[PDB]
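I have placed the structure first, in the form of structure tokens, so that the comments after it can refer back to it.
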Amino acid sequence: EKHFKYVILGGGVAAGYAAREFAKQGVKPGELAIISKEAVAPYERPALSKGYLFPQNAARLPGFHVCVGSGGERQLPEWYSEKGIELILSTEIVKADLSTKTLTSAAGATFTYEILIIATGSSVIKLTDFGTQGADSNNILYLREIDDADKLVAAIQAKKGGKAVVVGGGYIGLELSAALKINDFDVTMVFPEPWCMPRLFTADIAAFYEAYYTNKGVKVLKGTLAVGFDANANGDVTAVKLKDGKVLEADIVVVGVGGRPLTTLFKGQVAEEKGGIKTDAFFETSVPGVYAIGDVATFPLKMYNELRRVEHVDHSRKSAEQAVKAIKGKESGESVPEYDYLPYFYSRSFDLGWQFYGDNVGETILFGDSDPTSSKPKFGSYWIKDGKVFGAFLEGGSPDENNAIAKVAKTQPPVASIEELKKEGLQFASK
Ligand SMILES: Cc1cc2nc3c(=O)[nH]c(=O)nc-3n(C[C@H](O)[C@H](O)[C@H](O)COP(=O)(O)OP(=O)(O)OC[C@H]3O[C@@H](n4cnc5c(N)ncnc54)[C@H](O)[C@@H]3O)c2cc1C
């Protein structure tokens, strides 16, 4: 049995950023441990569906370790060991007892703590949840962690020049379809929803991506459902069957149908809210000395006066800093300001790149040029509720223009006339 004053459970983005805050706050050797089921030090996860999948000049570790993704310094495994921070890799915790402050691994090793920081992220929803026949076939892959990314890279080489089907229509389904196309695959996207990224995109925003992807050679089958998979004598996938009877040939199948907060170890031990571990404005759970950050946390989103849960890389870096600041502040009888996060998400595929700030609530106003054949497309959208701008999206914006739409989402400016807003468009944020 090993004991540490602070234990971080998980080794992803929030864990790496929490360790950086711990080092900045002064942490003595032997105080902090990080237990991860992955075999590598914390890395910037968004790179896994972007640069990691490039056919040439691909991003590889140690290059994209935290905190380079936000302009910070790189944390190789040596960064942890030189500071006396024990990085405990390839160790999966299968039991957590908050009353006895004990975590147990699959091989039976036990770890105790004084402060626990839950940073377990999300697990992928598999097609087994829907009872999809043949979902267990080989070459049917998911993409969450670097292990999956290495498997995907290897399968891309083995089946290069063949047919790929991506199941899912969110930003992951779009990013993986783009990745398979640039790796010389014949790619089809199947998703039951009427348009891609239906949780954020409107039909107007999605129409641009659908037409852009079609020009790139991708077949976007919206309003389509994969009901089964054919496999050969070897067990490898050979086809994806759809609800309508149509069959698509497939050498590889990549799935991106979402995830769920990885809160299993603590069910019944902590208060929950909307699928996440409920926390206050400092990320502390219903259990004193237990904190929850990143994807797992359902926290007060101060500017919206509601409890919210997000799958954002900015939130994962920021909530980690906030939780450590609160823990270290408490040691000196000090308090820290309440977490004031502005929702921010971004995606990348082909030569495109969009940014989203705020809340996608109310009615939307599309501005700019949404022609997918244009050499430099630049369009966006504003979300208006109660006569104020709540959300802002922009594809093809510059650093100045992205800061302008982030400024608009933060200040929630009044829209006196939507006729004037439709006249100014992006200039409304830029002025
Ligand atoms: C492929 C991909 C692309 C993305 N692209 C974007 C993007 O463009 N923009 C954006 O804003 N966000 C993006 N995201 C989301 C963003 O990366 C996440 O929100 C962020 O990584 C979550 O931080 P986290 O610390 O909460 O979780 P994670 O980064 O997932 O870390 C959780 C860690 O806990 C570990 N763990 C879990 N359970 C256990 C256990 N029992 N024992 C030990 N270790 C355990 C996991 O192995 C992992 O290391 C992307 C995510 C993925 C998967």
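A few comments on the model shown:
- Of the GluC sites (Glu not before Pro) found in segment 87-175, those that fall in a DSSP loop while having at most 15 other beta-carbon atoms within 10 Å are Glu92, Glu114.
- When both bridge partners sit in the chain, DSSP labels roughly 60% of those beta bridges antiparallel.
- With a Förster radius of 41 Å applied to the C-beta separation of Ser375 and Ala58, the computed FRET efficiency comes to 0.95.
- What you get for segment 126-257, charging only the Cβ of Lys and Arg (+1) and of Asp and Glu (-1), is a dipole of about 260 debye around the Cα centre.
- For segment 83-192, the relative contact order is 14 percent, taking Cα pairs closer than 8 Å that sit 6 or more residues apart in sequence and dividing their mean separation by the residue count.
- The chain, helix-only ellipticity at 222 nm - DSSP H runs n ≥ 4, -39,500 (n - 2.57), divided by all residues, nearest 500: -7000 deg cm²/dmol
- Antiparallel DSSP beta bridges within segment 120-240, as percent of all bridges there, nearest 5: 20
- Relative contact order, whole percent, for segment 344-431 stands at 27, derived from Cα pairs under 8 Å and 6 or more residues apart.
- Here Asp184, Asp359 are placed in order of increasing Cβ neighbour count within 10 Å, fewest first, which gives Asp184, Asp359.
- The residues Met303, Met189, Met197, when put in order of fewest to most other Cβ atoms within 10 Å, stand as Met303, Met197, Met189.
- For segment 126-257, averaging the sequence separation of C-alpha pairs within contact (under 8 Å, six or more residues apart) and dividing by the residue count gives a relative contact order of 34 percent.
- Proximal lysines to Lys219, defined as alpha-carbon separation beneath 26 angstrom and excluding residues fewer than eight positions away on the same chain: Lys50, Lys126, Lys151, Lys159, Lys160, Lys163, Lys181, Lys241, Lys243, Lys246, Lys376, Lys378
- Spatial separation of Cα centroids for segment 71-149 and segment 324-376, in angstrom: 26
- Sequentially through segment 363-375, phi angles give Karplus couplings (6.51, -1.76, 1.60; θ = phi - 60°) of 9, 9, 10, 8, 10, x, 10, 9, 8, x, 8, 4, 6 Hz, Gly and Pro residues having no value and appearing as x.
- Taking the DSSP beta bridges with both ends in segment 1-118, the antiparallel portion is around 40 percent.
Neighbour counts are summed over all protein chains in view; Cβ atoms, including those assigned to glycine, are modelled from backbone coordinates with ideal geometry. Only the coordinates and a few stated rules stand behind these numbers; no lab work does.
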